[PDB]
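Peer 1: pasting the first bit of my complex, frame unchanged:
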Amino acid sequence: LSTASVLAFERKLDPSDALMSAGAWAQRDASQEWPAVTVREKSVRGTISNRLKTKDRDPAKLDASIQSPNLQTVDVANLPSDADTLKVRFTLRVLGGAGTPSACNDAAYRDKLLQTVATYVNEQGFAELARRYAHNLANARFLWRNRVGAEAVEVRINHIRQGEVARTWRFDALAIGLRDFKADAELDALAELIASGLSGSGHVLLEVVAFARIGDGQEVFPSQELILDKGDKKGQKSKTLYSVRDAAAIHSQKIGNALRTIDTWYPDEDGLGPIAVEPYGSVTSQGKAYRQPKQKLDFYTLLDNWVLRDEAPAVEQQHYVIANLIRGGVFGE
Amino acid sequence: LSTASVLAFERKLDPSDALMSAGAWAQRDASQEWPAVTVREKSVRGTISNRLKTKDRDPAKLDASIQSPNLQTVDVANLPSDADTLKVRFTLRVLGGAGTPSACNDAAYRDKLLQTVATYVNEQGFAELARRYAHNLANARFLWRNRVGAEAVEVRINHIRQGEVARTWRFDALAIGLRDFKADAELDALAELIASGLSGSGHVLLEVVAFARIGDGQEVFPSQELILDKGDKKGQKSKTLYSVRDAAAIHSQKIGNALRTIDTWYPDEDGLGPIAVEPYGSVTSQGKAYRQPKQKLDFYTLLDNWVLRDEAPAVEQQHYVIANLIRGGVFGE
């Protein structure tokens, strides 16, 4: 028995693009007609602040570079001067049926994998994973830089059963930290709903709205696009922000990456905090791979030891493997 | 007698390119001015997630590969943020005269083929194949990934005889599963209609519209294009969705492949579900060919045993070869 040649997993926990709108705090219950945060342009005169090559550290060349500065156009998004609260809204569907791949070659490999995940579900439910997902919804981690230095963050989560709301959760997202996973009754009820969605025993659709009290006219941070070339035929536009229908918006993969920031079992440390679940669980902001393949704690070696050779790892690493299965991806040769 | 050197069956069950649109649930009766779902672009930045070679498990090399960003441009298609229902509409014409090939070099072989399929219609009608095609139109199998995890799917089929609607069918596509084949009076009436269209007793025209209740602003999945790479050149857009006049669409052959998923008589198993009918019946998702030529259950040897050798196979294998006749093809040496 060997691993399959092609083997692919569709994602559970599908979010949408989060849209931004603006309003005043304590009108946030009437925040259905709040106007969108629009993306504008402004001019930026760039100074000289890079490290020099020290073949270019001659003072005459430096002053000649300072005398002629370069200029860009830059997309920017601010709150209005009369509104102090950013509202960010998206929808998230929890699907279930996490072990089944969407593509496979070997029948014996997918049957061994299916009974492996069946034994995992029978040992413990999705309660740890859904507890951590509900925590990452409770604290507003999906506000990436908009949460930083906010005065008050409040998350409203609506389980939507038919076209109307079935249940409502209200969270103070600054009390629920970004560091540890506590216990709370409403948080455990949300975790039970997410675990019921992940187990295939229901169809879970939630609407997540987050209100951050930042200040009047302050800068908000939508998702940022990719610029390949830049010339004078444009405005020397050097920064593009993502937008859905003239609304500053966040990419769906950004919200998804902030949802699955649950991995506290990586071997290097635990005082740093959780990271996102990746094969060779890596942080682009730190340029580093936790769970290196030289240690036996990346996703691929753990999966191959669990399925092929029946070496079941510790329950923390089993949580990590099933989290990587819910995350989805292309796993094969 | 021998096989003709050319053999060419024109396809029946011609579908159209299914166009997508969006709106709210319980407005689906007035869903004629529903706006089209459009294809946007966005940027993705990923990490290293695939399997590394055993020579490339070096941790310094892994960190040095991580510290170079991985950026793609991706075509995406979403629902609007105030619509939760995807509407997929296509037209399907049934022609009839399922026996006659478009080309046959041997005259006596085509006469033996014509009386063979004539005797097949005389033995029983198309009602097995017609009931299975009406099942695949009843459950929304043509919603390929859009059906997965949907809240409520609902199919409306309008038979149009003249310029106006002759008859209407209304189905809850989630009650009708994808595994078994039931019997229902409306479903059997549609089966009679498509059987009479297949028998050459008319030219049936159908308009099929499927409403899936996914969620507000969620992602839909149209067809993807085939772009062969410009290898020694710049990087390309790494996903391209199909669109007909700025409306996200599913390919015609994708709907056709979803329609003829009727074959529950392949020898390997019977609980894995129906597959699409083709000679050496092979699914691309499993990557493995059922109905191998080393067993005598593929299309070519069954056709040669029924026509040339006059060994009539079992009634489900006659159903299989009749479905391969309706499917069409270019057969010969």
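Peer 2: Everything's here; your move. Residues are numbered from 1 along each chain as shown, chains lettered A, B, ... in the order given.
Peer 1: can you pull the contacts of the residue in the stretch 51-200 of chain A positioned nearest to chain B?
Peer 2: Nearest residue of the stretch 51-200 of chain A to chain B (CB to the nearest CB) works out as residue A:95 at 4.2 Å. Backbone N, C-alpha and C define where each C-beta goes, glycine included. Listed by CB atoms under 8 Å, 6 or more residues apart in numbering or on different chains, the contact partners of residue A:95 are A:12, A:13, A:14, A:197, A:198, A:204, B:148, B:149.
Peer 1: likewise residue A:131?
Peer 2: Counted by CB under 8 Å, 6+ apart, residue A:131 has contacts A:181, A:187, A:188, A:191.
Peer 1: give me the three-state assignment for it.
Peer 2: Under DSSP: H, G, I helix; E, B strand; the rest coil, residue A:131 falls in the helix class.
Peer 1: so which of the contacts of residue A:95 belong to helices?
Peer 2: Within these, residues falling in helices by DSSP state H are A:197, A:198.
Peer 1: which of the contacts of residue A:95 sits closest to residue A:319?
Peer 2: Of all these, residue A:198 has the smallest distance to residue A:319: 12.5 Å, by CB to CB.
Peer 1: and that closest one, how far from residue B:232?
Peer 2: 45 Å (CB to CB, to the nearest Å).
Peer 1: have a look at those two and say which one is more surrounded.
Peer 2: Neighbour count, other CB atoms under 10 Å in any protein chain shown: between residue A:198 and residue B:232, residue A:198 has more, with 26 against 5.
Peer 1: chain C goes on too:
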Amino acid sequence: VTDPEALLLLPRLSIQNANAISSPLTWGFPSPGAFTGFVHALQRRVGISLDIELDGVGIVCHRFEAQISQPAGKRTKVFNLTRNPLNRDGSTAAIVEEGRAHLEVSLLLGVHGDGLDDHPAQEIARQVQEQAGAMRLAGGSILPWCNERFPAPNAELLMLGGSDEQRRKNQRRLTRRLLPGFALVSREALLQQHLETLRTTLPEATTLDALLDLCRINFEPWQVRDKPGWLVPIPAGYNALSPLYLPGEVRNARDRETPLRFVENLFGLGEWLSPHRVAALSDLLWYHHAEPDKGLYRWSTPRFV
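Peer 2: Next up, chain C placed on what we already have:
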């Protein structure tokens, strides 16, 4: 060669997945031989049973939509393909490139037989429409009726009937239904004229049909040498590479009851024009004729200017 007694108008034919390449040199609109074969199969299917003959096609191409893409670092274009099913060993398939397209075209068909004699015009038009709503045109399916409820019925128009001024008024009111699209004609005379005035430098013929339909940028005596119309390459027809062959003597024929030959494509120049620029609406009818003593098997549109 034969002036039609009447014209039938296939009003707005939408076609999905039609063949785009249609030639080893062109890739755009399909060849006119496809439309001539369409009306010959239509005459075989419903034309014979009505004491009607059909002779030619006029084509106007209301809209075009090719399934192509430009590969992001080049100025050329590639075709979008389909995923064929797997081989019998389940490995993969062999990629053969085909070019699909979407078309909106109208057809002008000439009639000589007992048109208004045996049957009225409305029933003839309706059953020819019903016959053409069950076949395929150029490798791609005729897309059936959708929420276009207006453009359904045809107009069987008698050519020489009525007064000559009334003839011009009814052909103008039929041209009023052919406004958005641009009709297609053959331009062999313009090809030979430019071939003769180019032969003052060098005697080559394919280099003419190269130089006729590109953007020639001539230096300052920066200008662009321009033709007054929309000159395109077309597959002009077939010229035989072989003598005649009996129905049995070649293996793997389409039928053992019809003679066979090996052929090559002759290429010529066509032209897209506005339909108001032609005064006689029977000038646009593409006839295909055989000269079987040699290989010259032609589609053109004679009696046009």
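Peer 1: the residue nearest in space to the middle of chain C: what's it in contact with?
Peer 2: Centroid check for chain C by CA atoms, centre = their mean gives residue C:32 as the closest residue, at 2.2 Å. Applying CB under 8 Å, 6+ apart, we find residue C:32 in contact with C:57, C:59, C:184, C:234, C:235, C:270, C:286, C:299.
Peer 1: what do you get for residue C:128?
Peer 2: Applying CB under 8 Å, 6+ apart to residue C:128 gives the contacts C:8, C:42, C:46, C:47, C:154.
Peer 1: in helices, which of those fall?
Peer 2: Per DSSP H, helices hold the following members of those: residue C:42.
Peer 1: keep only those of the contacts of residue C:128 that are in strands.
Peer 2: residue C:8 (DSSP state E).
Peer 1: give me the buried entries from the contacts of residue C:128.
Peer 2: Listed as buried from the contacts of residue C:128 are C:8, C:42, C:46, C:47, C:154; burial here means 16 or more other CB atoms under 10 Å in any protein chain shown.
Peer 1: quick one, strands of the stretch 1-150 of chain C?
Peer 2: For the stretch 1-150 of chain C, applying DSSP state E, counting those that start in this stretch gives strands covering C:6-19, C:54-59, C:63-66, C:68-69, C:78-79, C:100-111.
Peer 1: now, of those strands, which is deepest in the fold?
Peer 2: Highest mean neighbour count of the strands of the stretch 1-150 of chain C: strand C:54-59, a mean of 25 (counted as mean count of other CB atoms under 10 Å in any protein chain shown).
Peer 1: next one is DNA strand D, place it on the structure:
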DNA sequence: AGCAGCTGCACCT
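Peer 2: One more chain to add, DNA strand D, which I have set with the ones above:
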């Protein structure tokens, strides 16, 4: 008493 197929291998730029 062979036959036909069949799989597999190799070529090659």
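Peer 1: quick recheck of the contacts of residue A:131 now DNA strand D is there?
Peer 2: A:181, A:187, A:188, A:191.
Peer 1: cutoff 6 Å now
Peer 2: By CB atoms under 6 Å, 6 or more residues apart in numbering or on different chains, the residues touching residue A:131 are residue A:191.
Peer 1: burial count for residue 85?
Peer 2: With no chain named, the answer covers chain A. By other CB under 10 Å, neighbour count at residue A:85 equals 25.
Peer 1: let me rephrase: I mean chain C.
Peer 2: For residue C:85, using other CB under 10 Å, the count is 16.
Peer 1: my read: it touches residue B:278, true?
Peer 2: Yes: counting by CB atoms under 6 Å, residue C:85 does reach residue B:278; the two are 5.4 Å apart.
Peer 1: quick check: domain ranges of the chain?
Peer 2: With no chain named, the answer covers chain A. With domains defined by curated CATH domains, chain A comprises A:1-10+A:98-125+A:262-333, A:11-97+A:126-261.
Peer 1: sorry, I should have been clearer: chain C.
Peer 2: Segmentation of chain C into domains, based on curated CATH domains, reads C:4-181, C:182-301.
Peer 1: right, so those: which one is the most enclosed?
Peer 2: For the domains of chain C, ranked by mean neighbour count under the definition mean count of other CB under 10 Å, the leader is domain C:4-181 at a mean of 17.
Peer 1: ok, the residue in chain A that chain C sits nearest to - contacts?
Peer 2: Relative to chain C, the nearest point of chain A is residue A:105 (8.9 Å; CB to the nearest CB). Residues in contact with residue A:105 (CB under 6 Å, 6+ apart) are A:4, A:5, A:6, B:287.
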